[PDB]
Structure formats: structure tokens, C-alpha cells
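> Structure for this input, please:
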Amino acid sequence: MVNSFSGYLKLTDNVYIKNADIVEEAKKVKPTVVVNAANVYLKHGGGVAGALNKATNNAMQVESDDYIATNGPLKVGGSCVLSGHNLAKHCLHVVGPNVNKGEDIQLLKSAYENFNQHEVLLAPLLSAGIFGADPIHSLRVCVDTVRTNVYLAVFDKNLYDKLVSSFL
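Residues are numbered from 1 along each chain as shown. Please find the structure below.
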């Protein structure tokens, strides 16, 4: 079905990419699902998580603290579905491995598998940015793991250009 995502470059049958601020993208599109680059404690301090949470006026963090108090931490590679607040219907909080914590990069595939539970997503590259993985690798794992339709927002123009120009 046609959708309102605009200005994306088509990488594959199901994966699309754009140089964009995921906060502004979500505000404009109001997708069914926005993906957060979460950690196991749902402490949304920085990176994508800090930015999404700030855009919700801290409502994402309040909701997340109640989630953790009830359910305990997520697993690396795991996820939970919470409200999308003012950004989306739902937020899929996905924990990619954090290389700066020594976590095993193989868990990146498991992390992306969560996307297959949703027909359409707006997402960042998992484990990129402050999570320390190579974004070119993250894009490769995304393409090779996600089968549903995923619209990737890449914050940095230089990185976006490198991701497109090196894509096999």
C-alpha cells in the first residue's frame, strides 16, 4: 500500500533510507511504529533515545520507568512495545548490542528480528551512533534480516552518503 514516507532512497524491495532527524520525521509522518535505540533499563539519556524522549517532554521516560518496575530489564537483542506518545502510535524499544559495553555484535541480528513483528517501521540503524557499531555493518544486517518495510533515518549527512555509496 502507498504510504506517506517521502524522499527516501529505495535500497531493496523492503528497505528505504533518508538523511533525516528521526524526531522530525516521526512528528511529520506519525507512523504506526517508531523504533527507539533503547538500552535494557529503558534509560533514555542520549543518542536516539534521549532525542525521542526529549521530544515527548519526558513522557516516554515516565512510561518506561513504570514498565521496568513491573517487568524488569529487557534483554540485549530484545524489545518491548510502548506508546509512541506524540511521535507515533507505538514505539518499539529495541536493544542492540552496545560495543562500548563489550556486548556481542552477533546480537545485532536478533535485535533486527524484532522489526519483523511490524509491517511498517520508521527506524534508526541499530547499534550505530553511541552504541559503537559500524553503521555500514548495521545496514547490511538490517537488509539481510528485516523482511517488513523499514524506513531508515540517518542523522548525519556524511554517514548517509557513505551508507548509500557503499551499499551492495
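
> just the helices in the chain please.
Ranges of helices within the chain are 22-29, 47-55, 59-71, 107-113, 135-145, 157-165, based on DSSP state H.

> Distance to residue 9 and mean neighbour count added to the ones you listed, as CSV?
Placement of C-beta: from N, CA and C, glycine included. Formatted as CSV, the helices of the chain follow (distance: least, Cβ to Cβ, whole Å; neighbours: other Cβ atoms under 10 Å):
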stretch, distance to residue 9, mean neighbour count
helix 22-29, 14, 18
helix 47-55, 20, 21
helix 59-71, 29, 15
helix 107-113, 19, 21
helix 135-145, 12, 19
helix 157-165, 6, 14
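
> mind checking which of the ones you listed is nearest residue 89?
Checking the helices of the chain against residue 89 by Cβ to Cβ gives helix 22-29 as the closest, at 10.6 Å.

> Now find how far off-centre that closest one is within its chain.
13 Å (Cα atoms, centre = their mean, to the nearest Å).

> do the same with stretch 77-90
So, by Cα atoms, centre = their mean, the centroid of stretch 77-90 is 10 Å from its chain's centroid.

> Mind listing what's buried along it?
77, 78, 79, 80, 82, 84, 85, 87, 88, 90 (16 or more other Cβ atoms under 10 Å).

> Please identify which of the residues you listed is nearest to residue 96.
Using Cβ to Cβ, residue 77 comes nearest to residue 96 of the buried residues of stretch 77-90, at 7.6 Å.

> what's the closest one in contact with, if anything?
Going by Cβ atoms under 8 Å, 6 or more residues apart in numbering, residue 77 touches 95, 96, 97, 107, 108, 110, 111.

> Adding distance to residue 4, write the helices of the chain out as TSV.
Output for the helices of the chain, formatted as TSV (distance: least, Cβ to Cβ, whole Å):
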stretch	distance to residue 4
helix 22-29	6
helix 47-55	19
helix 59-71	23
helix 107-113	24
helix 135-145	21
helix 157-165	20
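
> Quick one: closest of these to residue 39.
Closest among those, using Cβ to Cβ: helix 47-55, at 7.2 Å.

> list the helices and strands that closest one packs on?
helix 22-29, strand 33-37, helix 59-71 (3 or more Cβ pairs under 8 Å, 6 or more residues apart in numbering; DSSP states H and E).

> From the contacts of residue 77, pick the one nearest residue 28.
The nearest member of those to residue 28, counting by Cβ to Cβ, is residue 96 at 24.9 Å.

> Neighbours of the spatially closest residue to residue 38 that is not a sequence neighbour, how many?
Among residues not flanking residue 38 along the chain, residue 93 sits closest, at 3.8 Å (Cβ to Cβ, 6 or more residues apart in numbering). Per other Cβ atoms under 10 Å, the neighbour tally for residue 93 reads 26.
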